[PDB]
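Reading the structure
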Amino acid sequence: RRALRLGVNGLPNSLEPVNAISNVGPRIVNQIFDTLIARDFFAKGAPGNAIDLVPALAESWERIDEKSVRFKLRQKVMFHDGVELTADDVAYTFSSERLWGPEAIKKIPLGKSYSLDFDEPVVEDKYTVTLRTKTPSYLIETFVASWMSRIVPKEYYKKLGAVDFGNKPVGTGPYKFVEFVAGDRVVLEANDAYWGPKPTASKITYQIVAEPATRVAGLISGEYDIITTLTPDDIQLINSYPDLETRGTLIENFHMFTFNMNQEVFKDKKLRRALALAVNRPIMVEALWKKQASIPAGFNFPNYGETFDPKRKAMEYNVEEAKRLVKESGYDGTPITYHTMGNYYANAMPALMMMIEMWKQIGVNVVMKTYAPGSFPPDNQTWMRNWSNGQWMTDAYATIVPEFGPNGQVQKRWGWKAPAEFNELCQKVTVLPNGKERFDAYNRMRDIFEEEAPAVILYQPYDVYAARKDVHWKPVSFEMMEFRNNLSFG
Ligand SMILES: O=P(O)(O)O[C@@H]1[C@@H](O)[C@H](O)[C@@H](CO)O[C@@H]1O
């Protein structure tokens, strides 16, 4: 078997699966671990975007009532160290201790905020576990198929602790941990004792190549088999090589910019809204994305299913109103920093430079401030920054509630003083089953989100990879790389 060499935009600071949640962690942690339920992106000849859910670590499951789901586990699955997976490991994964309780916040900072209102799991037998919520939740199934739900080994994880575990992970996945050189590379090797499809690569390397031009040259020189996070501008040249090709797809994520609302200039919604109203998304999508990116109608995406609003109007663009808001605001002309980690996000700097021009036309002076990985300054030294949100559930709950909700980081850390009505609606949508009331509540939340502008949605990126034609692998419609029944050579 051939070793797979990947040229990547960045790496997570931990391989602990919840802590690894980002654009860069899942492509690694998806290899090391498994979930109870998994998504088959290639079902019924779909081009890596199928919504179909299939058994994975759980052979079957059944919803018992409004707050519990019973899982029948696959038997004789082994973790990479030979330990057998049991309901004990699954209960530990979803426990107060490890994940959502007061004692978990120090280890998994976003565990509680991103989790459901969990009750302790119930182990019925070695291969049967019930996952429950304290209050009604119809989101258990989608949560369990998500990146929040990779199953960790209880004894090994408790032995090392979440920090050391993140540096030496043990999972049930098709690839096992070899090395992690902080801010440089991750090496994984084939897990030949895997319960599912046998791994097709002997090894996988994720080498950070921060600069996309250098990443592109690395594939050209034969240093890499697949490279990530390219832009539509790289397409024509890469495809000019008979041996190389680009592979891309729209993904279930949106790029955005957001604010440090603890800062005086951003405490009020006025300048936040003025900056949002001056963002000409069609020109950015045309110029930087070659029309391949998509512009959603608010915090509203098709993967939400029953809570997607297909009749929703496009987000407003109004330069004259934006000019009036700047004039009425307390803004003096003082430069406002916008923190970006080079091109961690595809088109980060070209998108920012276009917006700086749009903002200059409305009377706002925005200045780019570059930071290297691990050098994001203290919160109070930041004003604007770019970010992204992966839409990780088959429901509108994510990411508006975990990120922007009353218990979330945009309010708690970043100082968004959300209107009381917004927080009231977040609590309602959490417990309600699908219906008119829940549907309408999400629309009112979308309306408040656009009015308040705690963040400004740019677009869904067209995720561009490039690969050698002799490396058969298809991208999926999510911020990760799938190799199960999707990697072969020659
Ligand atoms: O944009 P990033 O690469 O920094 O990572 C974000 C997370 O921070 C976020 O938790 C998640 C869900 O909304 O979406 C992304 O994965």
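Domain parsing of the protein yields domain 1 (1-34 + 153-251 + 462-490), domain 2 (35-152) and domain 3 (252-461). The gap between the C-alpha centroids of domain 1 and domain 2 is 23 Å. Counting residues at the interface gives 37 residues for domain 1, matched by 30 residues for domain 2. A buried area of about 2,900 Å², summed over both sides, lies between domain 1 and domain 2, and 68% of it is on carbon and sulfur atoms. The interface formed by domain 1 and domain 2 includes 10 residue pairs in polar contact. Taken together, the elements giving at least two residues each to the side of domain 1 that touches domain 2 come down to helix 1 (26-32), helix 6 (154-167) and strand 8 (175-181). The element that contributes the greatest number of residues to the side of domain 1 that touches domain 2 is helix 6, accounting for seven residues. Tallied by class, residues from the side of domain 1 that touches domain 2 come to 20 nonpolar, nine polar and eight charged.

Before going further, it helps to examine the sheet that holds strand 17 (residues 455-459). Taken in spatial order, the five strands of this open sheet run 15-14-16-13-17, and their pairing is mixed. Both outer strands of the open sheet, strand 15 (366-370) and strand 17, are each paired with one neighbouring strand and no more. Each strand axis lies, on average, 35° off the axis of its neighbour in the sheet, ignoring direction. Strand direction decides the pairing type here: strand 13 (residues 253-259) and strand 16 (residues 384-390), joined by seven bridges, are antiparallel. Looking across to strand 16, one finds that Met256 is bridged to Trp387. The strands that helix 13 (residues 397-404) touches are strand 13, strand 16 and strand 17; relative to strand 16, the one it contacts most, it runs at about 135°.

The rules we used
- Residues numbered from 1 in each chain as written, not as in the entry; some residues may be left out.
- Heavy atoms only, no water.
- Domains from an automatic or database assignment.
- Contact = heavy atoms within 4.5 Å.
- Buried area = accessible area lost by both parts, 1.4 Å probe.
- Polar contact = N/O pair within 3.5 Å; in protein donor to acceptor, adjacent residues only side chain to side chain.
- Helix = DSSP H or I, 4+ residues; strand = E, 2+ residues; numbered from the N terminus.
- Nonpolar A, V, L, I, M, F, W, Y, C, P; charged D, E, K, R; others polar.
- Pairing = 2+ DSSP bridges.
- Axes fitted to C-alpha atoms, helices over the stretch in contact; angles between N-to-C directions.

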